[PDB]
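Presented as C-alpha cells, the chain that follows is alone, the form deposited in one PDB entry.
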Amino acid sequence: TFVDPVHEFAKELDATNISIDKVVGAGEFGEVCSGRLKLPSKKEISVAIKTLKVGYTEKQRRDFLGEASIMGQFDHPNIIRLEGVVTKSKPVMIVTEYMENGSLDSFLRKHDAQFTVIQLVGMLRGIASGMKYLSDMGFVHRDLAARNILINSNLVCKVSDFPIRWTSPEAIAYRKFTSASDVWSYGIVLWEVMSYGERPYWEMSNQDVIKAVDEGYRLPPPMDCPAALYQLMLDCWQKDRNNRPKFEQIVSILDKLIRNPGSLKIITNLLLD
C-alpha cells in the first residue's frame, strides 16, 4: 500500500559518489542533468539528476522532495527507480534511473512509423504493468500521459512524474479520481503510442474536448491501428468507469497479443461511439 506523505522511502546519498556528465536544461524546481552514481558495492551506473534551485523557498523544497517520498515507495521494473536524495548538502538533489531515450511522446515523434507493431505493444505492456503495480498500491497517478513515460536504450517504458486531454469525464466533472480514471488515461496513452506521439484531441478548445467526450465522441483509430488495440482504447474510454478494464486485464490483453502476433494483422475528426 502507498502512503500519502522523505528519509522513510529515500536513501541519503553521499555526494562523493555522484558525478555530473551533462546538463540537460531547466526543470520546475531547478536544473536537470545526467551523470554517474557509484553504488556501495562500487558498481557505477548512469543516473538522471535534478537539483533544487539556489534560494529555494521551504514550500519549493517540500514539493521537490515530495516527488522522492512518493517515487521511493515503488520498486518495479516499469516505474522509474529512485536511487536516492542528497539533502545534507546543497544543492539538494533527486537521483533517479537514467533513461537514454527520454520522454516517450517526443521519442515517438522522431520515429514516426518506424517501429513494428510488436515493438509498440511491448512499450504499452510495460506501461500497463507499471500501472497495475501503482493501482495495486492504491496510488492514483492522475497525470498518466506519454510525456510522463520515459523510455530507455532497450525501449523499456517506465512511469514517471510523481490535464483535460488525459483526464476521464468523471474526474473533469467532479474530481472523481480512481484507478479507473487512470485506465481512461492509459487509453489515451495507447492512442498516443499508436499515433507516434500525436497530441490527443490535437488543439481543440478545451471546452470542446470536454463536451465532445461527454457526447460519446472518441479519438479516431490511428493509421494502420490493429482492431484489437482500437477496441482496447474504446474499452478504456467507457463512459461508465465500472465497465473499463482493470490494469491486470489490460496487461493480460496485451500479453495475448504478444503471444499471438497474427491477431494484430486485423486492422480497424472524432468518431461517435
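In case it trips you up, residue 1 is the first one in the sequence shown, and so on.
The same protein has a further form, the form solved in complex with a small molecule, not shown here; the description that follows concerns it.
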Item to check | Listed range touching the small molecule, judged in the deposited complex by heavy atoms within 4.5 Å, from 233 to 241, 42 to 50, 217 to 225, 204 to 212 | outcome: 42 to 50
Checklist entry - Taking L124, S129 and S185 together, does each of them reach the small molecule in the deposited complex with some heavy atom inside 4.5 Å? => result no
Checklist entry - So, in the deposited complex, is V32 in contact with the small molecule at a 4.5 angstroms heavy atom limit? => result yes
Checklist entry - Is there a non-hydrogen atom of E97 within 4.5 angstroms of a non-hydrogen atom of the small molecule in the deposited complex? => result yes
Item to check | Contact test in the deposited complex: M71 vs the small molecule, heavy atoms, 4.5 Å | outcome: yes
Next on the checklist: I'd like to know whether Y133 contacts the small molecule in the deposited complex, with contact meaning heavy atoms within 4.5 angstroms.
Outcome noted: no
Next on the checklist: Just to be sure I understand the contacts: of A15, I20, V24, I258, which is the one whose heavy atoms reach within 4.5 angstroms of the small molecule in the deposited complex?
Outcome noted: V24
Checklist entry - Among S195, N148, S179, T87, which has any heavy atom within 4.5 Å of the small molecule in the deposited complex? => result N148
